[PDB]
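Single chain ahead, by itself, as C-alpha cells, in the form deposited in one PDB entry.
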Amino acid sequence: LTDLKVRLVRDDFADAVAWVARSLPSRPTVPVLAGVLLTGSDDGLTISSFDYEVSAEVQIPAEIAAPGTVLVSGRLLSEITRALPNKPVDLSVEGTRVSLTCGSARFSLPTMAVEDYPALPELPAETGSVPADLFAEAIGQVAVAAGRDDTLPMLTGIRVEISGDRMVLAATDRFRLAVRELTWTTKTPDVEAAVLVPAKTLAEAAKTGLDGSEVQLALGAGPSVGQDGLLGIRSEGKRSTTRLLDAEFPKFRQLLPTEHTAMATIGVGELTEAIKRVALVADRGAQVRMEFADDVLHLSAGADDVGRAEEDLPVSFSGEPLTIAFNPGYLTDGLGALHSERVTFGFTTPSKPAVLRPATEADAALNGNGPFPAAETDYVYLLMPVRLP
C-alpha cells in the first residue's frame, strides 16, 4: 500500500550510507545482513546496518513523498552514493526494484528480503555521557594492547569499568597492558559495573563515529548496568550497538608495580626515532637492548649475520644501573600511545614489567638511590621485557 519515495541531499545520504556501510559484513551466511535498511517516515530517513554483533543506525533529513522501508545491497549503495553528482537524490521503490536518480544518472537496484531482516537492537538506558574526543583518544591509547585472534577471547576485548564519574579502560595481550582513566558524567552516582567490549569494534567506533562534543553511553541503569548484554553509543543523529564479551578479563591490576628500583625520563620523539633506527637490524628475533647508566641510554640490537647497531641518547635517569631488553614494536606502540612530549620509565628488574607513563614535573624532582613510589597517572603502558642471553 505504501512504498518509499524520498528526495535526499547527496552529501547527507552518501555520508550516512558511508558510516553505516563500515559496519557491514562481507559475504555473510545470512544474505539480508549484507543489505542496508532504509526507512523513510515523516521528514526523515533512517539508514541501518546490523550483523548480529554490531549495529549502526543514523537518521538524516528527508523530503518524504511516501513513507516505507526497503533493503538494498549495502556495498553497492555505498559505491553508488559515493559516485553520485552533487545534486538531489531521488529514491523511489517500484515494486521489486529501487530507482535511484541523481542528475543524469539513473540506477535500478533489486530489493532484498526485508521480511527476513532482523530487528535492530534497542539501546539500553543511558548510563552516562563522555566527551567524544577524550573517549576516542582513551580507546586508541588502550586498543594498542588488545590481543587478536591469535589468543584467547578474553584478551580480544577492552575492559570498561565505571565507578561514579570515573571510568577506566584496560586491555592486554599477555605482553603489554594499557590502562587509561578518565572522568565522565554519569546519570546515576555510585554506578559500579564493568563490561568487556570487542576491542576491534570499539576502536572502529572511535575512529569513524563519535560526532560532536558529547557521547552518551547506554549500558543500563542501577542494578541492571551491564546485564543487558550489549553496549550502546549515541551521539548526534548516529547510534550504534556492540555485543559484549562474556569472557572474564584478567585481574590486570596485580601486574602493576608499587615501587620502582629505577626511573628514566626522556623525550618520546628522540627515543622513538632511535628505537626505529636501531631496530632495523633486529630481525625475527626482535630485541632492542636498553642500557641505563649515569644519564646515558645505550641502545643496541642485531646479530652478526644481519648486522649490529647501537645509538646513545641523553636520559634523566635515577636509581641503579639497568640493562633490559624489549620488543621494538611493542615499545614504539606504547610510546605512540603516551600522547605526551616526554616519557618516564619505571623499572624494577630486567625480567619484570616496565611502566611507561607520561612524564610529570614531579619526575624531575626525583634524585635519589631508590626505591621510587609508583606515581598516580591517568595512562599507563606496562610492557613485559625480553629475556637476555
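We call the rigid core whatever largest set of C-alpha positions still superposes within 1.5 Å between the two forms. Residues that one form lacks are left out of the comparison. Start at 1 with the first residue shown and count on from there.
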Checklist line | Mean Cα B-factor comparison, 337-345 or 359-367, giving the higher one as deposited | finding: 359-367
Check: Do the C-alpha atoms of 22-30 or of 54-62 have the higher average B factor in the entry?
Finding: 22-30
Next item on the list: Choose from 90, 283, 137, 116 the residue with the greatest Cα B-factor as stated in the PDB record.
Entry: 283
Checklist line | Criterion, highest CA B-factor; candidates, 264, 171, 205, 288 | finding: 205
Next item on the list: Looking at the entry's B-factor column for C-alpha atoms only, identify whether residue 189 ranks in the lowest, middle or highest third of its chain.
Entry: highest
Notebook entry, point to check: How does residue 83 rank on Cα B-factor within its chain, lowest, middle or highest third?
Noted result: middle
Margin query: Using only modelled residues of the chain, where does the Cα B factor of residue 321 rank: lowest third, middle third or highest third?
Written below: highest
Next item on the list: Compare the C-alpha B factor of residue 229 with those of the other modelled residues in its chain, then answer lowest, middle or highest third.
Entry: middle
Next item on the list: Ordered by C-alpha B-factor within the chain, which third holds residue 110? Give me lowest, middle or highest, please.
Entry: middle
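Omitted here: the form deposited in another entry. The next part is about that form.
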Checklist line | C-alpha displacement of 2 Å or more between the shown form and the other one on the rigid core, among 192, 133, 150, 259 | finding: 150
Margin query: If the two forms are fitted on the core, does residue 212 show a Cα displacement reaching 2 angstroms between the shown form and the other one?
Written below: yes
Checklist line | in the other form, whether the C-alpha atoms of residue 208 and residue 122 sit closer or farther than here (change of 3 Å or more) | finding: closer
Next item on the list: Work out whether the Cα atoms of residue 211 and residue 67 come closer together or move farther apart in the other form than they are in this form, the change being 3 angstroms or more.
Entry: farther
Note to self: If I superpose on the rigid core and flag every C-alpha moving 2 Å or more, which consecutive runs of 3+ residues come out between the shown form and the other one, in sequence order?
What the structure shows: 149-152, 207-213
